Every structure is written in structure tokens, then in C-alpha cells.
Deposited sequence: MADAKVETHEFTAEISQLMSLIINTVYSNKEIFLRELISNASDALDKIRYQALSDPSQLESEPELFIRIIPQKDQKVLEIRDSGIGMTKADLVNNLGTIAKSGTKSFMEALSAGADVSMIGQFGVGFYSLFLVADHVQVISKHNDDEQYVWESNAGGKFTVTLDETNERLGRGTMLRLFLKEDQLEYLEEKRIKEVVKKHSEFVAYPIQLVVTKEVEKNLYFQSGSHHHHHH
């Protein structure tokens, strides 16, 4: 059963801004999303210093990028802490207002991650997103959205089990399909995410002839 919720007004306004801006360095979306993954992996790793059974839901700590060319979808999966349904309905934090203000004063989009709202840079290159997530002691959910208006949260009894962590599915814009290319992904990872302290896997798929 689907639950529908409205974005705060400032989030809808941020989305509309990002999805329509003409920024010439849109590749930074991948850095912002890998930084969120890294942070989520740090959080589970450090909780597990007190309580190592927290890692049992998925013993590997990794980041995994899966272009799906048939679907025009770029997936980014991590085995970090994940998000509770509460994180998914009410959000985490106000970073959103503080970043539109910042843009007003000439701030660069590349600085979105200083304000904790790096997730939304994905709308530089995508017009729809699914967030699949699984937190310890809660269920697996799909959060889904176009850019502005409503988002939905749905109990996930259909998809592959994450074990623990998060998978973003970016539905790429027709002008940004280069982020399905292996060499483009590799060089953007190496340029902006060179010092991430977790392995970054990239899946290349030979599709059936």
C-alpha cells in the first residue's frame, strides 16, 4: 500500500531549481551521492564498534554503481546504515532553506554538500528517482518521486533484498545518458571521489544478444 506525502515548500522549490538549472559541471552529482553513501557506511561501521552484530544484516561495506542501459537508469547502491521509514517520511535534518539562500548570494551548486542536501543534485541529470532502503530493525521501502510535488513511500516486498543499506535508481534525462558509459563513470569517480575510504564497484553488463 502506497503512502503519498508532500515535500516542504522549500524542497519543492529546490528541486524545481536544480532540475531546470544550466550548470556546466553536472558530473558533481556522482560525487555528492557517493559522499552520502560513504557517510552512511561510516555510520554503520562506527555503531558496530559498540555492537558488531549491527553488521550481520550485510557483512560487506561497499559502494556499487550499476548502469542499466535498457532502462536508462543509473543505480548507486551502498551497504551503509540505511534509512528508516521515519527518515523517509520526515527527512533527516534547515539545510534546504540555507542552501537556496546561499545560491541567492552567488553560491555555487557544487557546494550543495556543505548543507547536507546533496541528494538533490541528482536532478541535475535525472528527472525521476527511486530510493530503495533497508535499515536494521525496520523493513525495506521504496521512496519514489518526480521533481516537485508529491513523493510516495511504499513497503517493498517485490525487489531484491538489500540486506542493509540504500539503492538509488536515477532515471536519466535524455541529454545525460553519457552517465551510462563505463569510461565516463570511471573518470568521474577517479576525478572527484579518489579518496573515498570504501571500495567503489562498477557493474558492466553484457546484455543478451
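- Coordinate coverage of the deposited sequence breaks at 1 to 4, 98 to 101, 218 to 232, these segments carrying no C-alpha atoms.
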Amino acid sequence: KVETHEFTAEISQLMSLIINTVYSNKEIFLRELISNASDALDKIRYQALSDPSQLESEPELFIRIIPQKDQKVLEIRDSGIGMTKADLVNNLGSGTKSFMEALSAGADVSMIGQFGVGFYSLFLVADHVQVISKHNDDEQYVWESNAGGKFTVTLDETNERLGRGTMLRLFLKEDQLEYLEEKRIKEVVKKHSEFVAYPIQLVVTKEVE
From here on, numbers count along this sequence of modelled residues.
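Take the two forms, superpose them, and find the largest set of C-alpha atoms that agree within 1.5 Å; that set is the rigid core.
- Averaged over structures and residues, the CA distance from the shown form in 9 other deposited structures of this protein after a core fit is larger for 47 to 55, of the two stretches 47 to 55 and 31 to 39.
- Comparing 196 to 204 with 12 to 20 in 9 other deposited structures of this protein, after superposition on the rigid core, the stretch with the greater RMS C-alpha deviation is 12 to 20.
- With 172 to 180 and 158 to 166 compared on mean CA B-factor from the PDB entry, the stretch scoring higher is 158 to 166.
- For the pair 114 to 122 and 75 to 83, the record assigns the higher mean C-alpha temperature factor to 114 to 122.
- Among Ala40, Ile34, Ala48, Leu61, the highest C-alpha B-factor recorded in the PDB entry belongs to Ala48.
- Of the candidates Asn146, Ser57, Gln68, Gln140, the PDB record gives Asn146 the highest C-alpha temperature factor.
- Annotation for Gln201: C-alpha temperature factor in the lowest third relative to the rest of the modelled chain, per the entry.
- Annotation for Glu187: CA B-factor lies in the lowest third of the chain's modelled residues.
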